[PDB]
$ cat protein10.pdb   # PDB, N, CA and C atoms
MODEL        1
ATOM      1  N   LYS Q   4       0.841  -1.194   0.000  1.00  0.00           N
ATOM      2  CA  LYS Q   4       0.000   0.000   0.000  1.00  0.00           C
ATOM      3  C   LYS Q   4       0.886   1.258   0.000  1.00  0.00           C
ATOM      4  N   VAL Q   5       0.590   2.183   0.913  1.00  0.00           N
ATOM      5  CA  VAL Q   5       1.459   3.301   1.238  1.00  0.00           C
ATOM      6  C   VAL Q   5       2.219   2.959   2.514  1.00  0.00           C
ATOM      7  N   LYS Q   6       3.406   3.535   2.650  1.00  0.00           N
ATOM      8  CA  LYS Q   6       4.230   3.335   3.827  1.00  0.00           C
ATOM      9  C   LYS Q   6       4.480   4.660   4.531  1.00  0.00           C
ATOM     10  N   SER Q   7       4.472   4.614   5.857  1.00  0.00           N
ATOM     11  CA  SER Q   7       4.936   5.755   6.627  1.00  0.00           C
ATOM     12  C   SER Q   7       6.468   5.820   6.588  1.00  0.00           C
ATOM     13  N   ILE Q   8       7.008   6.991   6.928  1.00  0.00           N
ATOM     14  CA  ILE Q   8       8.451   7.227   6.811  1.00  0.00           C
ATOM     15  C   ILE Q   8       9.186   6.437   7.892  1.00  0.00           C
ATOM     16  N   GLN Q   9      10.048   5.485   7.479  1.00  0.00           N
ATOM     17  CA  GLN Q   9      10.883   4.771   8.449  1.00  0.00           C
ATOM     18  C   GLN Q   9      12.367   4.961   8.132  1.00  0.00           C
ATOM     19  N   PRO Q  10      13.242   4.874   9.137  1.00  0.00           N
ATOM     20  CA  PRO Q  10      14.692   4.938   8.877  1.00  0.00           C
ATOM     21  C   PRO Q  10      15.178   3.764   8.042  1.00  0.00           C
ATOM     22  N   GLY Q  11      16.381   3.925   7.524  1.00  0.00           N
ATOM     23  CA  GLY Q  11      16.934   2.953   6.622  1.00  0.00           C
ATOM     24  C   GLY Q  11      17.729   3.611   5.527  1.00  0.00           C
ATOM     25  N   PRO Q  12      18.189   2.787   4.584  1.00  0.00           N
ATOM     26  CA  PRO Q  12      18.999   3.318   3.474  1.00  0.00           C
ATOM     27  C   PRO Q  12      18.303   4.412   2.675  1.00  0.00           C
ATOM     28  N   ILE Q  13      17.031   4.200   2.327  1.00  0.00           N
ATOM     29  CA  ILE Q  13      16.297   5.156   1.501  1.00  0.00           C
ATOM     30  C   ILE Q  13      16.060   6.453   2.261  1.00  0.00           C
ATOM     31  N   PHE Q  14      15.695   6.351   3.543  1.00  0.00           N
ATOM     32  CA  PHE Q  14      15.570   7.543   4.370  1.00  0.00           C
ATOM     33  C   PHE Q  14      16.822   8.388   4.253  1.00  0.00           C
ATOM     34  N   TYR Q  15      17.983   7.749   4.398  1.00  0.00           N
ATOM     35  CA  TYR Q  15      19.234   8.491   4.422  1.00  0.00           C
ATOM     36  C   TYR Q  15      19.533   9.132   3.067  1.00  0.00           C
ATOM     37  N   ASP Q  16      19.352   8.386   1.979  1.00  0.00           N
ATOM     38  CA  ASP Q  16      19.632   8.956   0.663  1.00  0.00           C
ATOM     39  C   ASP Q  16      18.689  10.112   0.332  1.00  0.00           C
ATOM     40  N   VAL Q  17      17.394   9.968   0.648  1.00  0.00           N
ATOM     41  CA  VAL Q  17      16.419  11.014   0.336  1.00  0.00           C
ATOM     42  C   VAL Q  17      16.756  12.301   1.079  1.00  0.00           C
ATOM     43  N   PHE Q  18      17.145  12.190   2.351  1.00  0.00           N
ATOM     44  CA  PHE Q  18      17.567  13.375   3.087  1.00  0.00           C
ATOM     45  C   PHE Q  18      18.858  13.948   2.515  1.00  0.00           C
ATOM     46  N   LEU Q  19      19.866  13.090   2.329  1.00  0.00           N
ATOM     47  CA  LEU Q  19      21.153  13.515   1.782  1.00  0.00           C
ATOM     48  C   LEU Q  19      20.973  14.284   0.480  1.00  0.00           C
ATOM     49  N   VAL Q  20      20.221  13.702  -0.458  1.00  0.00           N
ATOM     50  CA  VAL Q  20      20.039  14.332  -1.761  1.00  0.00           C
ATOM     51  C   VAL Q  20      19.142  15.560  -1.658  1.00  0.00           C
ATOM     52  N   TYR Q  21      18.213  15.593  -0.694  1.00  0.00           N
ATOM     53  CA  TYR Q  21      17.423  16.804  -0.506  1.00  0.00           C
ATOM     54  C   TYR Q  21      18.316  17.982  -0.141  1.00  0.00           C
ATOM     55  N   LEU Q  22      19.275  17.768   0.764  1.00  0.00           N
ATOM     56  CA  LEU Q  22      20.228  18.825   1.094  1.00  0.00           C
ATOM     57  C   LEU Q  22      20.865  19.386  -0.176  1.00  0.00           C
ATOM     58  N   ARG Q  23      21.205  18.494  -1.116  1.00  0.00           N
ATOM     59  CA  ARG Q  23      21.742  18.900  -2.410  1.00  0.00           C
ATOM     60  C   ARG Q  23      20.756  19.762  -3.203  1.00  0.00           C
ATOM     61  N   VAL Q  24      19.481  19.344  -3.312  1.00  0.00           N
ATOM     62  CA  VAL Q  24      18.480  20.119  -4.067  1.00  0.00           C
ATOM     63  C   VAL Q  24      18.467  21.581  -3.623  1.00  0.00           C
ATOM     64  N   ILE Q  25      18.514  21.804  -2.305  1.00  0.00           N
ATOM     65  CA  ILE Q  25      18.447  23.139  -1.708  1.00  0.00           C
ATOM     66  C   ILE Q  25      19.862  23.618  -1.414  1.00  0.00           C
ATOM     67  N   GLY Q  26      20.847  22.838  -1.854  1.00  0.00           N
ATOM     68  CA  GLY Q  26      22.205  23.317  -2.007  1.00  0.00           C
ATOM     69  C   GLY Q  26      23.053  23.463  -0.763  1.00  0.00           C
ATOM     70  N   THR Q  27      22.768  22.710   0.294  1.00  0.00           N
ATOM     71  CA  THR Q  27      23.702  22.550   1.392  1.00  0.00           C
ATOM     72  C   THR Q  27      24.382  21.198   1.201  1.00  0.00           C
ATOM     73  N   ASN Q  28      24.986  20.703   2.265  1.00  0.00           N
ATOM     74  CA  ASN Q  28      25.583  19.388   2.289  1.00  0.00           C
ATOM     75  C   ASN Q  28      25.366  18.835   3.691  1.00  0.00           C
ATOM     76  N   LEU Q  29      25.695  17.552   3.884  1.00  0.00           N
ATOM     77  CA  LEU Q  29      25.542  16.971   5.211  1.00  0.00           C
ATOM     78  C   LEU Q  29      26.367  17.736   6.231  1.00  0.00           C
ATOM     79  N   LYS Q  30      27.627  18.041   5.875  1.00  0.00           N
ATOM     80  CA  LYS Q  30      28.574  18.647   6.807  1.00  0.00           C
ATOM     81  C   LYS Q  30      28.024  19.934   7.398  1.00  0.00           C
ATOM     82  N   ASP Q  31      27.608  20.868   6.529  1.00  0.00           N
ATOM     83  CA  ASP Q  31      27.097  22.160   6.984  1.00  0.00           C
ATOM     84  C   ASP Q  31      25.742  22.024   7.672  1.00  0.00           C
ATOM     85  N   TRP Q  32      24.895  21.083   7.234  1.00  0.00           N
ATOM     86  CA  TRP Q  32      23.651  20.859   7.970  1.00  0.00           C
ATOM     87  C   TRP Q  32      23.916  20.374   9.394  1.00  0.00           C
ATOM     88  N   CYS Q  33      24.936  19.525   9.574  1.00  0.00           N
ATOM     89  CA  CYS Q  33      25.143  18.888  10.872  1.00  0.00           C
ATOM     90  C   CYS Q  33      25.564  19.888  11.937  1.00  0.00           C
ATOM     91  N   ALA Q  34      26.405  20.849  11.566  1.00  0.00           N
ATOM     92  CA  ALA Q  34      27.086  21.680  12.556  1.00  0.00           C
ATOM     93  C   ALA Q  34      26.129  22.430  13.481  1.00  0.00           C
ATOM     94  N   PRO Q  35      25.115  23.157  12.987  1.00  0.00           N
ATOM     95  CA  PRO Q  35      24.226  23.873  13.922  1.00  0.00           C
ATOM     96  C   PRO Q  35      23.503  22.956  14.880  1.00  0.00           C
ATOM     97  N   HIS Q  36      23.485  21.654  14.621  1.00  0.00           N
ATOM     98  CA  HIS Q  36      22.851  20.709  15.524  1.00  0.00           C
ATOM     99  C   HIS Q  36      23.836  20.100  16.501  1.00  0.00           C
ATOM    100  N   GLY Q  37      25.063  20.611  16.542  1.00  0.00           N
ATOM    101  CA  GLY Q  37      26.085  20.021  17.399  1.00  0.00           C
ATOM    102  C   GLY Q  37      26.185  18.515  17.258  1.00  0.00           C
ATOM    103  N   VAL Q  38      26.200  18.028  16.022  1.00  0.00           N
ATOM    104  CA  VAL Q  38      26.265  16.598  15.754  1.00  0.00           C
ATOM    105  C   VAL Q  38      27.190  16.366  14.569  1.00  0.00           C
ATOM    106  N   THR Q  39      27.681  15.150  14.488  1.00  0.00           N
ATOM    107  CA  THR Q  39      28.591  14.718  13.445  1.00  0.00           C
ATOM    108  C   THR Q  39      27.821  14.226  12.214  1.00  0.00           C
ATOM    109  N   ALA Q  40      28.472  14.289  11.048  1.00  0.00           N
ATOM    110  CA  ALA Q  40      27.922  13.641   9.855  1.00  0.00           C
ATOM    111  C   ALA Q  40      27.728  12.144  10.092  1.00  0.00           C
ATOM    112  N   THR Q  41      28.721  11.520  10.710  1.00  0.00           N
ATOM    113  CA  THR Q  41      28.672  10.096  11.017  1.00  0.00           C
ATOM    114  C   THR Q  41      27.515   9.756  11.951  1.00  0.00           C
ATOM    115  N   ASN Q  42      27.274  10.597  12.960  1.00  0.00           N
ATOM    116  CA  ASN Q  42      26.111  10.401  13.813  1.00  0.00           C
ATOM    117  C   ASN Q  42      24.820  10.690  13.057  1.00  0.00           C
ATOM    118  N   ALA Q  43      24.850  11.641  12.118  1.00  0.00           N
ATOM    119  CA  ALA Q  43      23.659  11.922  11.328  1.00  0.00           C
ATOM    120  C   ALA Q  43      23.260  10.710  10.495  1.00  0.00           C
ATOM    121  N   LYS Q  44      24.239  10.042   9.881  1.00  0.00           N
ATOM    122  CA  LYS Q  44      23.933   8.878   9.059  1.00  0.00           C
ATOM    123  C   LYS Q  44      23.409   7.731   9.905  1.00  0.00           C
ATOM    124  N   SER Q  45      24.035   7.489  11.066  1.00  0.00           N
ATOM    125  CA  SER Q  45      23.648   6.361  11.913  1.00  0.00           C
ATOM    126  C   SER Q  45      22.186   6.471  12.330  1.00  0.00           C
ATOM    127  N   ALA Q  46      21.777   7.656  12.784  1.00  0.00           N
ATOM    128  CA  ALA Q  46      20.371   7.888  13.091  1.00  0.00           C
ATOM    129  C   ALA Q  46      19.493   7.709  11.854  1.00  0.00           C
ATOM    130  N   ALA Q  47      19.916   8.260  10.710  1.00  0.00           N
ATOM    131  CA  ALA Q  47      19.052   8.248   9.536  1.00  0.00           C
ATOM    132  C   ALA Q  47      18.807   6.828   9.055  1.00  0.00           C
ATOM    133  N   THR Q  48      19.844   5.996   9.066  1.00  0.00           N
ATOM    134  CA  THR Q  48      19.692   4.618   8.634  1.00  0.00           C
ATOM    135  C   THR Q  48      18.972   3.744   9.657  1.00  0.00           C
ATOM    136  N   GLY Q  49      18.688   4.257  10.855  1.00  0.00           N
ATOM    137  CA  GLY Q  49      18.123   3.443  11.910  1.00  0.00           C
ATOM    138  C   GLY Q  49      19.124   2.569  12.634  1.00  0.00           C
ATOM    139  N   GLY Q  50      20.411   2.674  12.286  1.00  0.00           N
ATOM    140  CA  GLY Q  50      21.426   1.908  12.984  1.00  0.00           C
ATOM    141  C   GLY Q  50      21.535   2.279  14.449  1.00  0.00           C
ATOM    142  N   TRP Q  51      21.476   3.581  14.754  1.00  0.00           N
ATOM    143  CA  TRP Q  51      21.298   4.088  16.113  1.00  0.00           C
ATOM    144  C   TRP Q  51      19.831   4.451  16.289  1.00  0.00           C
ATOM    145  N   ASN Q  52      19.153   3.800  17.227  1.00  0.00           N
ATOM    146  CA  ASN Q  52      17.736   4.071  17.423  1.00  0.00           C
ATOM    147  C   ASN Q  52      17.418   4.553  18.834  1.00  0.00           C
ATOM    148  N   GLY Q  53      18.407   5.091  19.549  1.00  0.00           N
ATOM    149  CA  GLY Q  53      18.119   5.786  20.786  1.00  0.00           C
ATOM    150  C   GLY Q  53      17.185   6.958  20.561  1.00  0.00           C
ATOM    151  N   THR Q  54      16.605   7.460  21.651  1.00  0.00           N
ATOM    152  CA  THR Q  54      15.626   8.530  21.495  1.00  0.00           C
ATOM    153  C   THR Q  54      16.281   9.839  21.051  1.00  0.00           C
ATOM    154  N   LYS Q  55      17.562  10.047  21.373  1.00  0.00           N
ATOM    155  CA  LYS Q  55      18.271  11.209  20.837  1.00  0.00           C
ATOM    156  C   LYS Q  55      18.373  11.134  19.313  1.00  0.00           C
ATOM    157  N   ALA Q  56      18.521   9.920  18.770  1.00  0.00           N
ATOM    158  CA  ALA Q  56      18.546   9.746  17.321  1.00  0.00           C
ATOM    159  C   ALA Q  56      17.200  10.100  16.704  1.00  0.00           C
ATOM    160  N   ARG Q  57      16.108   9.725  17.374  1.00  0.00           N
ATOM    161  CA  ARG Q  57      14.772  10.074  16.900  1.00  0.00           C
ATOM    162  C   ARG Q  57      14.596  11.590  16.807  1.00  0.00           C
ATOM    163  N   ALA Q  58      15.028  12.321  17.839  1.00  0.00           N
ATOM    164  CA  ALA Q  58      14.956  13.780  17.801  1.00  0.00           C
ATOM    165  C   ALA Q  58      15.649  14.331  16.563  1.00  0.00           C
ATOM    166  N   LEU Q  59      16.840  13.802  16.256  1.00  0.00           N
ATOM    167  CA  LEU Q  59      17.589  14.239  15.082  1.00  0.00           C
ATOM    168  C   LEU Q  59      16.881  13.840  13.792  1.00  0.00           C
ATOM    169  N   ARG Q  60      16.311  12.634  13.754  1.00  0.00           N
ATOM    170  CA  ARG Q  60      15.561  12.199  12.580  1.00  0.00           C
ATOM    171  C   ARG Q  60      14.374  13.111  12.327  1.00  0.00           C
ATOM    172  N   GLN Q  61      13.740  13.584  13.407  1.00  0.00           N
ATOM    173  CA  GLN Q  61      12.621  14.510  13.271  1.00  0.00           C
ATOM    174  C   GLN Q  61      13.071  15.856  12.703  1.00  0.00           C
ATOM    175  N   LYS Q  62      14.266  16.323  13.086  1.00  0.00           N
ATOM    176  CA  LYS Q  62      14.802  17.542  12.485  1.00  0.00           C
ATOM    177  C   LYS Q  62      15.093  17.349  11.009  1.00  0.00           C
ATOM    178  N   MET Q  63      15.542  16.149  10.610  1.00  0.00           N
ATOM    179  CA  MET Q  63      15.767  15.900   9.189  1.00  0.00           C
ATOM    180  C   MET Q  63      14.455  15.933   8.426  1.00  0.00           C
ATOM    181  N   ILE Q  64      13.395  15.405   9.035  1.00  0.00           N
ATOM    182  CA  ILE Q  64      12.102  15.390   8.373  1.00  0.00           C
ATOM    183  C   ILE Q  64      11.535  16.797   8.298  1.00  0.00           C
ATOM    184  N   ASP Q  65      11.680  17.581   9.372  1.00  0.00           N
ATOM    185  CA  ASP Q  65      11.213  18.963   9.332  1.00  0.00           C
ATOM    186  C   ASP Q  65      12.055  19.844   8.409  1.00  0.00           C
ATOM    187  N   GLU Q  66      13.299  19.457   8.124  1.00  0.00           N
ATOM    188  CA  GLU Q  66      14.111  20.201   7.169  1.00  0.00           C
ATOM    189  C   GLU Q  66      13.483  20.136   5.781  1.00  0.00           C
ATOM    190  N   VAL Q  67      13.386  18.925   5.220  1.00  0.00           N
ATOM    191  CA  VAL Q  67      12.429  18.679   4.156  1.00  0.00           C
ATOM    192  C   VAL Q  67      11.057  19.038   4.707  1.00  0.00           C
ATOM    193  N   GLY Q  68      10.081  19.180   3.843  1.00  0.00           N
ATOM    194  CA  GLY Q  68       8.722  19.173   4.364  1.00  0.00           C
ATOM    195  C   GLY Q  68       8.305  17.762   4.732  1.00  0.00           C
ATOM    196  N   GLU Q  69       7.514  17.613   5.801  1.00  0.00           N
ATOM    197  CA  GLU Q  69       7.020  16.272   6.112  1.00  0.00           C
ATOM    198  C   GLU Q  69       6.289  15.677   4.911  1.00  0.00           C
ATOM    199  N   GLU Q  70       5.462  16.480   4.240  1.00  0.00           N
ATOM    200  CA  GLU Q  70       4.765  15.985   3.060  1.00  0.00           C
ATOM    201  C   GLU Q  70       5.744  15.746   1.905  1.00  0.00           C
ATOM    202  N   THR Q  71       6.692  16.665   1.708  1.00  0.00           N
ATOM    203  CA  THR Q  71       7.686  16.495   0.656  1.00  0.00           C
ATOM    204  C   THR Q  71       8.557  15.275   0.928  1.00  0.00           C
ATOM    205  N   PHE Q  72       8.989  15.090   2.187  1.00  0.00           N
ATOM    206  CA  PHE Q  72       9.745  13.897   2.557  1.00  0.00           C
ATOM    207  C   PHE Q  72       8.968  12.638   2.207  1.00  0.00           C
ATOM    208  N   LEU Q  73       7.668  12.615   2.531  1.00  0.00           N
ATOM    209  CA  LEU Q  73       6.885  11.417   2.259  1.00  0.00           C
ATOM    210  C   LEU Q  73       6.793  11.177   0.762  1.00  0.00           C
ATOM    211  N   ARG Q  74       6.649  12.251  -0.020  1.00  0.00           N
ATOM    212  CA  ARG Q  74       6.491  12.078  -1.460  1.00  0.00           C
ATOM    213  C   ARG Q  74       7.789  11.596  -2.098  1.00  0.00           C
ATOM    214  N   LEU Q  75       8.915  12.222  -1.738  1.00  0.00           N
ATOM    215  CA  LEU Q  75      10.214  11.770  -2.226  1.00  0.00           C
ATOM    216  C   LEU Q  75      10.475  10.330  -1.812  1.00  0.00           C
ATOM    217  N   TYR Q  76      10.305  10.048  -0.517  1.00  0.00           N
ATOM    218  CA  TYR Q  76      10.533   8.714   0.022  1.00  0.00           C
ATOM    219  C   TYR Q  76       9.627   7.698  -0.660  1.00  0.00           C
ATOM    220  N   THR Q  77       8.341   8.035  -0.835  1.00  0.00           N
ATOM    221  CA  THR Q  77       7.389   7.073  -1.397  1.00  0.00           C
ATOM    222  C   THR Q  77       7.698   6.773  -2.854  1.00  0.00           C
ATOM    223  N   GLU Q  78       7.954   7.809  -3.649  1.00  0.00           N
ATOM    224  CA  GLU Q  78       8.214   7.577  -5.065  1.00  0.00           C
ATOM    225  C   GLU Q  78       9.532   6.835  -5.265  1.00  0.00           C
ATOM    226  N   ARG Q  79      10.516   7.075  -4.391  1.00  0.00           N
ATOM    227  CA  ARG Q  79      11.776   6.343  -4.471  1.00  0.00           C
ATOM    228  C   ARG Q  79      11.563   4.857  -4.189  1.00  0.00           C
ATOM    229  N   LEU Q  80      10.791   4.529  -3.139  1.00  0.00           N
ATOM    230  CA  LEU Q  80      10.520   3.124  -2.827  1.00  0.00           C
ATOM    231  C   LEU Q  80       9.804   2.438  -3.983  1.00  0.00           C
ATOM    232  N   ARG Q  81       8.827   3.123  -4.586  1.00  0.00           N
ATOM    233  CA  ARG Q  81       8.151   2.599  -5.771  1.00  0.00           C
ATOM    234  C   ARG Q  81       9.143   2.194  -6.865  1.00  0.00           C
ATOM    235  N   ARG Q  82      10.194   3.002  -7.097  1.00  0.00           N
ATOM    236  CA  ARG Q  82      11.149   2.672  -8.162  1.00  0.00           C
ATOM    237  C   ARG Q  82      12.002   1.455  -7.829  1.00  0.00           C
ATOM    238  N   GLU Q  83      12.422   1.299  -6.567  1.00  0.00           N
ATOM    239  CA  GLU Q  83      13.171   0.105  -6.171  1.00  0.00           C
ATOM    240  C   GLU Q  83      12.332  -1.155  -6.322  1.00  0.00           C
ATOM    241  N   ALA Q  84      11.107  -1.118  -5.792  1.00  0.00           N
ATOM    242  CA  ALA Q  84      10.199  -2.246  -5.917  1.00  0.00           C
ATOM    243  C   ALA Q  84       9.971  -2.597  -7.378  1.00  0.00           C
ATOM    244  N   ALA Q  85       9.966  -1.583  -8.248  1.00  0.00           N
ATOM    245  CA  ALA Q  85       9.787  -1.815  -9.674  1.00  0.00           C
ATOM    246  C   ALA Q  85      10.970  -2.581 -10.265  1.00  0.00           C
ATOM    247  N   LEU Q  86      12.200  -2.270  -9.832  1.00  0.00           N
ATOM    248  CA  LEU Q  86      13.360  -3.054 -10.269  1.00  0.00           C
ATOM    249  C   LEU Q  86      13.378  -4.441  -9.643  1.00  0.00           C
ATOM    250  N   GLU Q  87      12.833  -4.588  -8.438  1.00  0.00           N
ATOM    251  CA  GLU Q  87      12.783  -5.891  -7.792  1.00  0.00           C
ATOM    252  C   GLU Q  87      11.667  -6.778  -8.327  1.00  0.00           C
ATOM    253  N   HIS Q  88      10.943  -6.326  -9.351  1.00  0.00           N
ATOM    254  CA  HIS Q  88       9.842  -7.085  -9.940  1.00  0.00           C
ATOM    255  C   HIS Q  88       9.688  -6.751 -11.421  1.00  0.00           C
TER     256      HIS Q  88
ENDMDL
END
$ encode --input "protein10.pdb" --output "structure tokens"
Amino acid sequence: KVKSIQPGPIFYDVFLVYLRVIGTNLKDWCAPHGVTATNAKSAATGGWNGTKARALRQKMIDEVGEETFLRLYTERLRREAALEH
């Protein structure tokens, strides 16, 4: 059906590439949050799932629009599933 936004590889790429669309990068996005790029990826992929990681994941979603994040994330998943079938 439709999926809600979950962490993982696609979450991380959609956020990473969104920063590119609006012309920042991971490095410069991370700094005002007092966090590392490496910590940003771990939270985004769901590898770190502590509640501090959730707070950061929510900032990534609010950076994109929540609706825009869902649309990018959803259409991307559709394309992978299409190659897997």
$ atom_distance --input "protein10.pdb" --atom1 "atom C of residue 71 in chain Q" --atom2 "atom N of residue 88 in chain Q"
24.0 Å
$ residues_around --input "protein10.pdb" --residues "residue 76 in chain Q" --least-positions-apart "4" --cutoff "8 Å" --atoms "only C-alpha atoms" --output "PyMOL selection string"
chain Q and resi 8+13-14+17+72+80
$ resolve_selection --input "protein10.pdb" --expression "the PyMOL selection byres ((chain Q and resi 56-65) around 8)" --output "ChimeraX atom specification"
/Q:18,42-43,45-47,51-55,66-70,72-73
$ atom_distance --input "protein10.pdb" --atom1 "CA of residue 38 in chain Q" --atom2 "CA of residue 78 in chain Q"
29.0 Å
$ atom_distance --input "protein10.pdb" --atom1 "CA of residue 11 in chain Q" --atom2 "CA of residue 83 in chain Q"
13.6 Å
$ select_by_dssp --input "protein10.pdb" --residues "chain Q" --states "alpha helix (DSSP H)" --output "VMD selection string"
chain Q and resid 12 to 24 29 to 33 40 to 47 54 to 66 69 to 86
$ residues_around --input "protein10.pdb" --residues "residue 29 in chain Q" --least-positions-apart "6" --cutoff "6.5 Å" --atoms "only N, CA and C atoms" --output "compact mmCIF listing (two decimals) with N, CA and C atoms, in the coordinates of the input"
# COMPACT_ATOMS: atom_id res chain seq x y z
N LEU Q 19 19.87 13.09 2.33
CA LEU Q 19 21.15 13.52 1.78
C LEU Q 19 20.97 14.28 0.48
N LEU Q 22 19.27 17.77 0.76
CA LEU Q 22 20.23 18.82 1.09
C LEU Q 22 20.86 19.39 -0.18
N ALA Q 40 28.47 14.29 11.05
CA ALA Q 40 27.92 13.64 9.86
C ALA Q 40 27.73 12.14 10.09
$ closest_residue --input "protein10.pdb" --among "Q:77, Q:50, Q:20, Q:41" --to "residue 7 in chain Q" --atoms "only N, CA and C atoms"
Q:77
$ axis_aligned_box --input "protein10.pdb" --around "range 36-49 of chain Q" --padding-each-side "4 Å" --output "JSON"
{"center_x": 23.4, "center_y": 12.1, "center_z": 13.0, "size_x": 18.6, "size_y": 27.1, "size_z": 16.8}
$ decode --input "protein10.pdb" --residues "range 55-71 of chain Q" --atoms "N, CA, C and O atoms" --output "PDB file, in the first residue's frame"
ATOM      1  N   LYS Q  55      17.562  10.047  21.373  1.00  0.00           N
ATOM      2  CA  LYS Q  55      18.271  11.209  20.837  1.00  0.00           C
ATOM      3  C   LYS Q  55      18.373  11.134  19.313  1.00  0.00           C
ATOM      4  O   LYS Q  55      18.311  12.161  18.624  1.00  0.00           O
ATOM      5  N   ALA Q  56      18.521   9.920  18.770  1.00  0.00           N
ATOM      6  CA  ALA Q  56      18.546   9.746  17.321  1.00  0.00           C
ATOM      7  C   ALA Q  56      17.200  10.100  16.704  1.00  0.00           C
ATOM      8  O   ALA Q  56      17.141  10.706  15.627  1.00  0.00           O
ATOM      9  N   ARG Q  57      16.108   9.725  17.374  1.00  0.00           N
ATOM     10  CA  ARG Q  57      14.772  10.074  16.900  1.00  0.00           C
ATOM     11  C   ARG Q  57      14.596  11.590  16.807  1.00  0.00           C
ATOM     12  O   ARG Q  57      14.092  12.106  15.802  1.00  0.00           O
ATOM     13  N   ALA Q  58      15.028  12.321  17.839  1.00  0.00           N
ATOM     14  CA  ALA Q  58      14.956  13.780  17.801  1.00  0.00           C
ATOM     15  C   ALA Q  58      15.649  14.331  16.563  1.00  0.00           C
ATOM     16  O   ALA Q  58      15.118  15.213  15.880  1.00  0.00           O
ATOM     17  N   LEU Q  59      16.840  13.802  16.256  1.00  0.00           N
ATOM     18  CA  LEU Q  59      17.589  14.239  15.082  1.00  0.00           C
ATOM     19  C   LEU Q  59      16.881  13.840  13.792  1.00  0.00           C
ATOM     20  O   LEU Q  59      16.862  14.613  12.828  1.00  0.00           O
ATOM     21  N   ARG Q  60      16.311  12.634  13.754  1.00  0.00           N
ATOM     22  CA  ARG Q  60      15.561  12.199  12.580  1.00  0.00           C
ATOM     23  C   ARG Q  60      14.374  13.111  12.327  1.00  0.00           C
ATOM     24  O   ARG Q  60      14.037  13.406  11.167  1.00  0.00           O
ATOM     25  N   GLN Q  61      13.740  13.584  13.407  1.00  0.00           N
ATOM     26  CA  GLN Q  61      12.621  14.510  13.271  1.00  0.00           C
ATOM     27  C   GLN Q  61      13.071  15.856  12.703  1.00  0.00           C
ATOM     28  O   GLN Q  61      12.343  16.476  11.918  1.00  0.00           O
ATOM     29  N   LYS Q  62      14.266  16.323  13.086  1.00  0.00           N
ATOM     30  CA  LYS Q  62      14.802  17.542  12.485  1.00  0.00           C
ATOM     31  C   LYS Q  62      15.093  17.349  11.009  1.00  0.00           C
ATOM     32  O   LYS Q  62      14.928  18.289  10.225  1.00  0.00           O
ATOM     33  N   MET Q  63      15.542  16.149  10.610  1.00  0.00           N
ATOM     34  CA  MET Q  63      15.767  15.900   9.189  1.00  0.00           C
ATOM     35  C   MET Q  63      14.455  15.933   8.426  1.00  0.00           C
ATOM     36  O   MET Q  63      14.394  16.429   7.295  1.00  0.00           O
ATOM     37  N   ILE Q  64      13.395  15.405   9.035  1.00  0.00           N
ATOM     38  CA  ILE Q  64      12.102  15.390   8.373  1.00  0.00           C
ATOM     39  C   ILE Q  64      11.535  16.797   8.298  1.00  0.00           C
ATOM     40  O   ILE Q  64      10.969  17.190   7.274  1.00  0.00           O
ATOM     41  N   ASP Q  65      11.680  17.581   9.372  1.00  0.00           N
ATOM     42  CA  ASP Q  65      11.213  18.963   9.332  1.00  0.00           C
ATOM     43  C   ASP Q  65      12.055  19.844   8.409  1.00  0.00           C
ATOM     44  O   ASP Q  65      11.560  20.881   7.949  1.00  0.00           O
ATOM     45  N   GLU Q  66      13.299  19.457   8.124  1.00  0.00           N
ATOM     46  CA  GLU Q  66      14.111  20.201   7.169  1.00  0.00           C
ATOM     47  C   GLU Q  66      13.483  20.136   5.781  1.00  0.00           C
ATOM     48  O   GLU Q  66      13.094  21.158   5.207  1.00  0.00           O
ATOM     49  N   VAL Q  67      13.386  18.925   5.220  1.00  0.00           N
ATOM     50  CA  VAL Q  67      12.429  18.679   4.156  1.00  0.00           C
ATOM     51  C   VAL Q  67      11.057  19.038   4.707  1.00  0.00           C
ATOM     52  O   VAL Q  67      10.866  19.183   5.911  1.00  0.00           O
ATOM     53  N   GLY Q  68      10.081  19.180   3.843  1.00  0.00           N
ATOM     54  CA  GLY Q  68       8.722  19.173   4.364  1.00  0.00           C
ATOM     55  C   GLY Q  68       8.305  17.762   4.732  1.00  0.00           C
ATOM     56  O   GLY Q  68       8.708  16.799   4.089  1.00  0.00           O
ATOM     57  N   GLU Q  69       7.514  17.613   5.801  1.00  0.00           N
ATOM     58  CA  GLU Q  69       7.020  16.272   6.112  1.00  0.00           C
ATOM     59  C   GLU Q  69       6.289  15.677   4.911  1.00  0.00           C
ATOM     60  O   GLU Q  69       6.515  14.517   4.546  1.00  0.00           O
ATOM     61  N   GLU Q  70       5.462  16.480   4.240  1.00  0.00           N
ATOM     62  CA  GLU Q  70       4.765  15.985   3.060  1.00  0.00           C
ATOM     63  C   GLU Q  70       5.744  15.746   1.905  1.00  0.00           C
ATOM     64  O   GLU Q  70       5.670  14.714   1.220  1.00  0.00           O
ATOM     65  N   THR Q  71       6.692  16.665   1.708  1.00  0.00           N
ATOM     66  CA  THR Q  71       7.686  16.495   0.656  1.00  0.00           C
ATOM     67  C   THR Q  71       8.557  15.275   0.928  1.00  0.00           C
ATOM     68  O   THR Q  71       8.804  14.476   0.016  1.00  0.00           O
TER      69      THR Q  71
END
